[PDB]
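Working notes, beginning with the structure itself.
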Amino acid sequence: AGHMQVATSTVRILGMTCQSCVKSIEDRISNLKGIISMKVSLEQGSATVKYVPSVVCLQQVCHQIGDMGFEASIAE
């Protein structure tokens, strides 16, 4: 992973039912072990992600919500 330890990202959340996808991703990501901390901000329309990329990859996080049928995109 490019990041030395903790990678930060703000992932935009786009969907008609934001709460539904937040619920969907929150459960799946919490199912992943090695999680540090994250915050989904409705006001921002994006979530602040802090994880060790080697332990947990951001692609899976995007995968979890994307597979649900909602669009999310990584940004710093």
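Letters A, B, ... go to the chains of the structure tokens in the order shown; residues in each chain start at 1; ligands are counted from 1 in the same order.
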As number ranges by chain, list the residues of region 25-71 of chain A assigned to strand (DSSP E) by DSSP on the backbone atoms of this structure.
A: 37-41, 46-51, 71
Could those residues be written to a file, using C-alpha atoms, as a PDB file, in the first residue's frame?
```pdb
ATOM      1  CA  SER A  37     -12.275   4.097  12.762  1.00  0.00           C
ATOM      2  CA  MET A  38     -14.589   5.782  10.255  1.00  0.00           C
ATOM      3  CA  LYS A  39     -17.360   8.341  10.156  1.00  0.00           C
ATOM      4  CA  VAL A  40     -20.166   8.647   7.674  1.00  0.00           C
ATOM      5  CA  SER A  41     -21.226  12.252   7.428  1.00  0.00           C
ATOM      6  CA  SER A  46     -19.283  11.625   2.222  1.00  0.00           C
ATOM      7  CA  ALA A  47     -17.583   9.450   4.793  1.00  0.00           C
ATOM      8  CA  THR A  48     -14.257   9.967   6.516  1.00  0.00           C
ATOM      9  CA  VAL A  49     -12.304   6.746   6.382  1.00  0.00           C
ATOM     10  CA  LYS A  50      -9.229   5.935   8.491  1.00  0.00           C
ATOM     11  CA  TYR A  51      -7.837   2.437   8.010  1.00  0.00           C
ATOM     12  CA  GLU A  71     -22.441   4.699  -6.214  1.00  0.00           C
TER      13      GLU A  71
END
```
Min atom-atom distance to residue 19 (chain A) from the set A:70, A:33, A:63, A:7, counting only C-alpha atoms, belongs to A:70
Contacts of residue 61 (chain A) at 10 Å (only C-alpha atoms; same-chain gap of 4+ positions) as a PyMOL selection string
chain A and resi 11+25-26+28-29+32+49+56-57+65-66+72+74
To one decimal place in Å, what is the distance between CA of residue 68 (chain A) and CA of residue 36 (chain A)?
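Computed distance, CA of residue 68 (chain A) to CA of residue 36 (chain A), equals 23.1 Å.
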My list of candidates is A:58, A:42, A:22, A:14. Which is closest to residue 1 (chain A) when distances are computed with only C-alpha atoms?
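Closest to residue 1 (chain A), using only C-alpha atoms: A:58.
Atom pair CA of residue 17 (chain A) / CA of residue 52 (chain A) has a distance of 28.5 Å (rounded to one decimal).
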Just to confirm, what's the straight-line distance from CA of residue 75 (chain A) to CA of residue 10 (chain A) in Å (one decimal)?
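Computed distance, CA of residue 75 (chain A) to CA of residue 10 (chain A), equals 5.2 Å.
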